[PDB]
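This document starts with two versions of one protein chain, written out as structure tokens and named structure 1 and structure 2.
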Structure 1
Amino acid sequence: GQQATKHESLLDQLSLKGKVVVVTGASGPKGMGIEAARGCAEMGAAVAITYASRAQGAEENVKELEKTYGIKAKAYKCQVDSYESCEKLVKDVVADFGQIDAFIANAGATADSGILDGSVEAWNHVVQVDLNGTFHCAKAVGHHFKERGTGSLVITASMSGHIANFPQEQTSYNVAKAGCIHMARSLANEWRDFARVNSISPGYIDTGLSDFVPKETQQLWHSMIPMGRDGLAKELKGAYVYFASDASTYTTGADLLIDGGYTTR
């Protein structure tokens, strides 16, 4: 198995000084990814972020992390739907930064229909990115964690992995996120001698990812969220740092719902 933190103080437990964190899908301006990276940078991590289509957005984010926190930071192209791209990512980050201590598997894409209206290829694309893309990052980084004897993998899942969203149909997305949640549990057991694995399941977060949804659908959502509002990505940074850091050295195979209370109903 794995050992308890040697730190007594919580600020020592939360510190990421001397550690390297990778955040996939942190190229946008206010997503879960850039906020997780900001939290880790604030705790002193060196941070590697990835992009797929938004190179300029990721380069801007890296310059912001450098300006605000003075950390070692860098952006990488990664298509998580390709295992070869995830393998190269881990190879390049280990080369450039020396090691990877925590890996935040955060990249994902949305669905826009149920299974009968959607084509088989539309199902394949969402499963390839959201489910197999997360498996590709886990396998690629897990080989590194096994050689080092330590590591933390944090998977961004979704409350859609627990419930079926309404009124928009998106079963392919719901199913892939469900697989991600159980992947965290199953890898926590597989990797029990060398690494922790946990998942965070956000509710409706105002990141821009849902901008393709009509306005009037989004006001229905609000009546279903007990808190009555969308979340903000900066309300999730504490959870990412919690799982990536030594504040959670007995936490493995857990899922943390962050959803304004949506799943309580």
Structure 2
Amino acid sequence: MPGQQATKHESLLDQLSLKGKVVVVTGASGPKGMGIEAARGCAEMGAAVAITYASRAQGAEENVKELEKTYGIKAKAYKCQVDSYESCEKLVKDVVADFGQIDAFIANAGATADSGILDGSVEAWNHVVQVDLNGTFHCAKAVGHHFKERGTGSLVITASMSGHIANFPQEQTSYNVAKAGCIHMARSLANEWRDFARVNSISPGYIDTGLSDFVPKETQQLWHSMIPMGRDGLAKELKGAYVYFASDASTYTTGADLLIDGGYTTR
């Protein structure tokens, strides 16, 4: 396939449709996460969906059941520890073997940092990066081989607004740096794979996935006052961006990043 071409579709619903296509989502283990909302939308467009869990399959099995029944499409759960290259390789191999191919891959590494560099140890730095950055790389490396052979593919990397600015008042430089590396990785691979696959990143701001409770009333109040919208966003508001990049609705969009932060980076 001499380079990636434009969509032969004039119809918008056809550009968005993922019938006959396969999409893998590394998140998709919880009930209201960025991951399952990515799987949700993709399934809604008619795509067979593969989803991964880190250590506990339970939540991931209950999602596969939900995705099948509600959207009536083939879905399966697989284990994946993005921080292990062997695990991500196995992921791509088992999926391709079960689904026959992989058209789009949505990677998501969400380890958080709990301090600044000075207060934090080296191990803790290394960890957030290994998982958040090296984790995304493995995903890309593992699936990029598949894409090059098929002469097609869309890689969607979940970054973060934290890849653009540093959150306040929480100190998490390790996390912000791995996220920025993630954003640029999207631009660099977009170019490296320019003949066969598209690469884009989405940078979400504060999104509630059900763990808002574990946050002090003050802390949240301060954050909201910096978000022009004045409220956290929801994962279901991130489903459109994911399908948008995984489908043929962006056949000319590669190496791009879309901040979904309620306007936080506007100030």
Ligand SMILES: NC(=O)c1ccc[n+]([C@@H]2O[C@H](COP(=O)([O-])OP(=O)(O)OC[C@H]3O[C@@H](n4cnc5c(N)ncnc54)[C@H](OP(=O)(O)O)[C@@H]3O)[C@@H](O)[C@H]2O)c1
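Shifts are known only where both forms have a C-alpha. Each form is matched to the other, and the largest set of C-alpha atoms that superpose within 1.5 Å is called the rigid core. Residue numbering: structure 1 sequence, from 1.
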Q: Please let me know, 1 or 2, which structure is the form solved in complex with this ligand?
A: 1
(Q) Shifts of 2 Å or more at the CA atom, core superposed, between structure 1 and structure 2: which of the listed residues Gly44, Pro226, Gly238, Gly208 is the one? (A) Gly208
**Q.** Inter-form CA displacement between structure 1 and structure 2 at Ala107 - rigid core frame, Å
**A.** 2.9
Q | Core superposition result - C-alpha of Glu66, shift between structure 1 and structure 2, Å | A | 0.9
Q. For residues shared by both forms, which stretches of 3 or more shift their Cα by 2 Å or more between structure 1 and structure 2, once the core is superposed?
A. 208-215
